[PDB]
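Before any comments, here is the structure.
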Amino acid sequence: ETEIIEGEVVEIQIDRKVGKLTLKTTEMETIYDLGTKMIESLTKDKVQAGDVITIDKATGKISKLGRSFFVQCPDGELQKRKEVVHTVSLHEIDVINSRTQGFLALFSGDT
Amino acid sequence: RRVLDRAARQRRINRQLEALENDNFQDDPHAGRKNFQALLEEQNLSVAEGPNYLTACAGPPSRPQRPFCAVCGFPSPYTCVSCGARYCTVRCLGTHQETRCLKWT
Amino acid sequence: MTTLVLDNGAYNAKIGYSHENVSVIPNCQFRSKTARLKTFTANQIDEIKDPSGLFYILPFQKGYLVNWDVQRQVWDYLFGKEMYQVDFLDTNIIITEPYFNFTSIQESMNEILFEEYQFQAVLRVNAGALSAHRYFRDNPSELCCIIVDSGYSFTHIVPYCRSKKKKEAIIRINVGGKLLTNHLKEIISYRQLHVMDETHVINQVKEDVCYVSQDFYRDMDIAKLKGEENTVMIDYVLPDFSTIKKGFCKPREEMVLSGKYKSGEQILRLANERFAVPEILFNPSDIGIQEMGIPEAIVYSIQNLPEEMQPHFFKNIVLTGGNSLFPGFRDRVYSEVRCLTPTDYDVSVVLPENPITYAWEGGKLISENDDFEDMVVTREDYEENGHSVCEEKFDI
Amino acid sequence: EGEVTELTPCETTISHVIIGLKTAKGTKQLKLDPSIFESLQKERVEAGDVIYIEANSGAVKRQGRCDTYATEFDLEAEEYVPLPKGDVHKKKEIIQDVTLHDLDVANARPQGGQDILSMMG
Amino acid sequence: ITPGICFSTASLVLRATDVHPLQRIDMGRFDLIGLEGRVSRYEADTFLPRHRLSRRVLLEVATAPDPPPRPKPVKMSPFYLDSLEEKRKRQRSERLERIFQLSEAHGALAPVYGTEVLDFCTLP
Ligand SMILES: Nc1ncnc2c1ncn2[C@@H]1O[C@H](COP(=O)(O)OP(=O)(O)OP(O)(O)=S)[C@@H](O)[C@H]1O
Ligand SMILES: [Mg+2]
Ligand SMILES: [Zn+2]
Ligand SMILES: [Zn+2]
């Protein structure tokens, strides 16, 4: 189970670290108090007002899936607990755990 | 929507906390001497002047505050932009906006 | 000759004679809309039959005696011919005082006790002192103890040596039974039905249904469910004072999930308020009070004191007061203090059978001692030296 | 193992490291060899983090933040872990089987190493 | 320019090789290749056999009081508990035993070649 935050960015504020982030759906709007790691993640991936993004809360994995004013803004709750199911082959486990950055061998041979 | 400054939020929090110390919410059914603040101001009680009442007030907790929904009490990931109140669901947000956001109804 | 023991609490007065038992009587006057011109005093609340919409006239604001007229009337009723028939000129009185009591209140207490009643001798102590004395009488091998007094209007934590109170380490929490009851009233009014005028009924509800959770978030998850798996949720039938004299909880087998009942009972459904209200004692910041809870305050008070004494303090934590009667209070306190206490130091928390009357028992014990006469202040000495020597002798 | 309540290097260079670890069964104060301070700084260990320290090797692993601090921000990319249940000091007597080939391959190539050649290797 | 491939896997997969310290032995007692370039033949053969600590010396140093301060250069019990002190002295004894065992373990292995031999055999 993972917590996924998907919404439209309203306002992003970062000050010298503390920051605030305001996200909205078609049904609710919220302001978040950001931590250092999420602030760094949002700085690394340029995020501006109007972008529709999804955030993996535990990892900070932010992927921009378009802009809205093109993808329609999400409708329901901003923060959703989702059940993610992965089917991983034994070869995949072996290659991932064979060495550091070993997952690259799943794509380029080099096992 | 409108936005409330820090002073308004602090005043609301202080008013709610003081209201929690009220003896009764209604008025006297008969309908026809000091208070604590008067006693404090008369005592002229100064900080660091030995063990006294004020120095005994507990300090801030180390563990961070845990947010709870202002409507139903369950944990609340969201903070209302307008007033800073916490909430957990679209239904709870609607109830908060109708009831206690902005004007205190 | 005889000695009177009184715990002039903000909610209940534990008044009795040293040679007799203890009585619990509300220390406040009452007015009701069922009486046009009639103010009830002290235990007269038993006479009223419709305590709904009851109005409370309290002599304590924020746990200190601030209203003198109502307190005087209550004392006159308690000391009058109806209750105890106290012979003032030949009786010693042991009366409790709030911690860090203001000088003006002490002056007024001494003046009233020594002039308006003319008691033979007065001994003013704190309830925690009597509780400590009782604990040390019970446990003679222990040299130190720490007393937690979670009462109606506040929650103090006071460490006591064998015969002295460490005033430097006293910690007060501004969370008490009054605050919890008002918070429960506000929650119920905001969520289900308006009960802000039903302080008595909501207080009884808190006393009957609330409990302290060992796992806060597990209980929150359980309460959030719907159906049979929501074991936390219960149904309470408020007393209408017509056919239901006192409130009660519906049995689980008789519970209806839909919430609609053919009987026209006004049913109040509490799921997360069961443990949210008692949790304010351990986490004041839950409602907005930036103060440390009971366990953190205990540990901080003990760690302020010298290192050599610390293991003795951690081994003798004593819980007194009404708020300590919540289910799971002792286990939660022990768990949190053990979590914060250094591992080499053993932690022992003791909950007496009657935390309400612990101070009264301590006062009875201190009255029976042979050193009692040295502690009290007489009226003959009051005439000349009293106003200084009351401050000098009493360790308030 | 436990949540870090205090991390104080003692200056004479660093003579020793005083650390405070918290568990459900109490708190323990430990004096650390100064070489472990480099490991603590590399792992980015701060107060409130749940770590374990190997007594024989000084290895430090920061296995997340304590869940008591989960509400310190509304959105941080952190992994919050429950406070450990047992004592701070945990002893276990174990019997592990290894083969000679394991030792051969363990000694075939170097491990760790802050040099440029080791890193490129 | 294309975005990279985001390969998503189960969080449990990244912990497959991880073994808890209480479940694994110390593999540093068989580390021969780690001693090369760091440990010398002198340390293994002449110094350590002579200047290894003993339990007696360790206990004597631990129990003895602090040494007197180094001279400056010159140009020429009511609260006492028996159980707590017994626990503390048991902890001190355990700590000293651990120090001894770790000091013995960390210098038991001798290099296959050693720094001196490698330096001698290494031409410019
Ligand atoms: N079974 C119970 N469970 C929970 N709370 C209870 C219970 N019985 C009594 N109380 C509470 O106990 C409080 C009164 O306790 P007391 O300590 O006797 O008050 P008091 O000492 O007279 O006033 P203070 O605090 O000393 S000034 C009230 O707030 C009650 O709600
Ligand atoms: Mg009391
Ligand atoms: Zn809600
Ligand atoms: Zn709002």
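Throughout, read-outs are computed from the coordinates displayed, never taken from laboratory work. So basically every Cβ, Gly included, is an ideal-geometry build from the backbone, and we count neighbours across all protein chains shown.
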Once both label points are put 7 Å beyond Cα along the C-beta direction, the A:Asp33-C:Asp50 separation in nm becomes 4.9
Volume per residue of the C-alpha convex hull in chain E, rounded to whole Å³
469
Mark the label point 7 Å from the Cα of C:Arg36 along Cα→Cβ and return the residues of the stretch B:26-43 whose backbone N is within less than 20 Å of it.
B:28-32
Using only the Cα atoms of the stretch A:43-91, build the gyration tensor, take square roots of its eigenvalues as a ≥ b ≥ c, and label the shape rounded, prolate or oblate: rounded if a/c is under 1.5, else prolate if a/b is larger than b/c, else oblate.
prolate
Extension gain from C:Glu392 to C:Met196, taking 0.36 nm per residue of separation minus the Cα-Cα distance
66.1 nm
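Cα-Cα pairs above 19 Å in chain D: how many percent?
Summing the P(r) of chain D above 19 Å gives 59 percent of all pairs.
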With N set to the residue count of the stretch C:1-83, report its C-alpha Rg divided by 2.2 N^0.38 Å to two decimal places.
1.13
When a footprinting reagent is the concern and you count Cβ atoms within 10 Å, what order do E:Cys121, B:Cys57, C:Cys145 take, fewest first?
E:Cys121, B:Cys57, C:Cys145
How big is the stretch D:31-100 by the Kirkwood estimate over distinct Cα pairs, in Å?
14.3
Suppose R0 equals 51 Å; then what is the FRET efficiency for C:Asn139 and E:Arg29 from their Cβ-Cβ distance, rounded to the nearest 0.05?
0.45
What order do you get for A:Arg67, C:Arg31 when you list them from fewest to most C-beta neighbours inside 10 Å?
A:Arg67, C:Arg31
Other protein chain Cβ atoms within 10 Å, averaged over every residue that makes up C:280-291
4
Work out the FRET efficiency for C:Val350 and B:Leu4 from their Cβ-Cβ distance, taking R0 = 56 Å, and round it to the nearest 0.05.
0.70
Rounded to the nearest whole number, the Stokes-Einstein translational diffusion coefficient of the protein assembly as shown at 25 °C and 0.890 mPa s (Kirkwood radius, C-alpha pairs) in µm²/s is 75
When the Cα centres of the stretch E:34-74 and the stretch B:1-78 are compared, how far apart do they sit, in Å?
62
Once you place label points 7 Å from the Cα toward the Cβ at D:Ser57 and A:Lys82, how far apart are they in nm?
3.7
In Å, descending, principal axis extents of the Cα set of the stretch B:63-105
32, 17, 15
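Ordered by packing density, taken as the mean number of other Cβ atoms within 10 Å over each peptide's residues, highest first, how do C:190-200, B:81-91, A:98-108 rank? If you can, show how the numbers build up before the last one.
Values: C:190-200: 17.0, B:81-91: 19.3, A:98-108: 11.8.
The most tightly packed comes first, giving B:81-91, C:190-200, A:98-108.
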Using a Förster distance of 51 angstrom, determine the FRET efficiency expected from the C-beta separation of E:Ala108 and B:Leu45, and round it to 0.05.
0.15
Partner chain Cβ atoms within 10 Å, averaged over the residues of E:16-29 - can you pull that number for me?
5
Tell me what chain D gives for mean residue ellipticity at 222 nm when only DSSP H runs of n ≥ 4 count, each as -39,500 (n - 2.57), the sum divided by the residue total, rounded to 500 deg cm²/dmol.
-4000 deg cm²/dmol
Whole-Å distance linking the alpha carbon centroid of the stretch A:74-111 with that of the stretch C:45-69 is 66
Report Rg(Cα)/(2.2 N^0.38 Å) for the stretch C:341-396, keeping two decimals.
1.77
Exposure-ranked with fewest Cβ neighbours within 10 Å first, A:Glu83, E:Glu36 stand as A:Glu83, E:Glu36
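Too long at a 26 Å Cα-Cα cut-off: which of A:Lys57/D:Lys31; D:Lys61/D:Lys92; C:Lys62/D:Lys22; A:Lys20/A:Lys61?
Checking Cα-Cα distances, A:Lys57/D:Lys31; C:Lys62/D:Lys22 exceed 26 Å.
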Cα gyration tensor shape of chain B, rounded if a/c is under 1.5, else prolate or oblate by comparing a/b with b/c
oblate
What does the average come to when, for each residue of peptide B:36-44, you count the partner chain Cβ atoms lying within 10 Å of its Cβ?
3
If you wrap a convex hull around the alpha carbons of chain C, what volume per residue comes out, as a whole number of Å³?
157
Given the C-alpha centroids of the stretch C:143-181 and the stretch C:349-396, what is the distance between them in whole angstrom?
18
